[PDB]
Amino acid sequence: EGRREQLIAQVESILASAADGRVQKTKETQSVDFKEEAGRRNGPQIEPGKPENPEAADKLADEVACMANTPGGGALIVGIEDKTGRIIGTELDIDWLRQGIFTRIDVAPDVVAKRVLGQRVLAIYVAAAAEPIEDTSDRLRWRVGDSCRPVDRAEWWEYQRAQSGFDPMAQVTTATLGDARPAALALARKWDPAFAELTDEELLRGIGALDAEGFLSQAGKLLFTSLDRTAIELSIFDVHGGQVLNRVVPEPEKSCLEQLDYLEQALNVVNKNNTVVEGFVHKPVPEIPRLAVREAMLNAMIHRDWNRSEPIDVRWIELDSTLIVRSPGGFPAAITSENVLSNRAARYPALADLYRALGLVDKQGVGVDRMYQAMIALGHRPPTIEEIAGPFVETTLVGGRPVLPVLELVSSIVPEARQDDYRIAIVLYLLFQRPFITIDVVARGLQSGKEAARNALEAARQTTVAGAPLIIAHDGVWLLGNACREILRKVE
């Protein structure tokens, strides 16, 4: 965009004033954000910078969210003391920092190195977000003066609508508070105890659905107002191959929230749920992890085409314990079947944010990732999500009885907190297939850069099962430790 050029220019300017160990601003370049790599100040003397620094990554990621959240975005110069303008510098690795910020904030800003008085500095260019970006502490604030204060979704959106890109699902409609069904509102309340203390009006407005004139946005209308049509429906089969045993189609006068619930409800029943025994300790386990299902559901309900008529077609196969979710629309010109687990930009950012506001979905990648994890963790195969001729996007979850050996293999992970960890899940999975694993394979697996790969591998190298690490190094590759191999030999 033309904004970027303006921003890069401003930075060049600030840097050109370099003299006497510090830099200065001017009315034109007053908004540039001067930041100093945190965790290096000792008072009298400042420590040398390293290529990696998680503490600094945290603070910086939080700052990027301020920026991206304020309209027009802005630029940051890491390595310049705030207010004074004294050059400090930073040796943070670009790729590391980019990937690091992206992992905790959900955005990968353009960062470029620069050299002032011989010192190195990072120029970070962050663009305006199409939806609020919550920081590491789940806060939503934007740049004001040189500092940045917090803002509610209500204000954030009216401003986004006004001076920002076009979010179709955020546009104003003719729907008013009187169009919101009490049933839908009731649902929102039983799903988030926070709203409990406020009225229907201040609720819808709190989540950014309700205008200031009293109008609902397109995402607000779609969620709390009947869309006089089926949004999603279920068809229970006996076996992948036809012969419909039964179908549950929600009434068109229901809002998406109502329709979503109606499907979830009936789905909870179809998901039979059988009993597994471990050391005579018997526990009820559904054919497919509840989370995995609801995750797949909300996912379609949020990234659906919504402009198409045909409802999200969700079918359940009895004898195979598998659930298929076909959604109208296809991967946007950019995303591919092998570039989804990394994608973060939703079709309808406005709609996505509204679901977040209601507390019905996680940041984003967390969703699909927790889904994958939940599958792998029970020894099932990862949920496959490919594009079907239509356009259509179907997600397939194949479940059934859990595989005991795998359960215990995971049950024996240490630290305990690493059991439900997505990284060790992917890593262990790649090794369930391949004999050896390389940093490249781990990468293509997580569908992420080489940084995430190194990270996952490391965490797995430090994980322990039966007093031995998960993976072990040999030659120039990595491979499952005999500890696990012995547990997995008892499969089939």
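Start at 1 with the first residue shown and count on from there.
If you average the C-alpha B-factors over 107-115 and over 326-334, the higher value belongs to 326-334. Set 34-42 against 457-465 and average the Cα temperature factors; 34-42 ends up higher.
Out of 174, 246, 225, 396, it is 246 whose C-alpha atom has the highest B-factor in the PDB entry. Note on the listed residues 71, 132, 193, 359: the highest Cα temperature factor in the record is that of 193. Looking at the C-alpha B-factors along this chain, the one for residue 438 belongs to the highest third. Residue 241: CA B factor lies in the highest third for its chain, per the PDB record. The PDB entry assigns residue 51 a C-alpha temperature factor belonging to the middle third of its chain's modelled residues. For residue 24, the recorded CA B-factor ranks within the middle third of the chain. Only modelled residues enter the ranking. When the modelled residues of the chain are ordered by C-alpha B-factor, residue 406 sits in the middle third.
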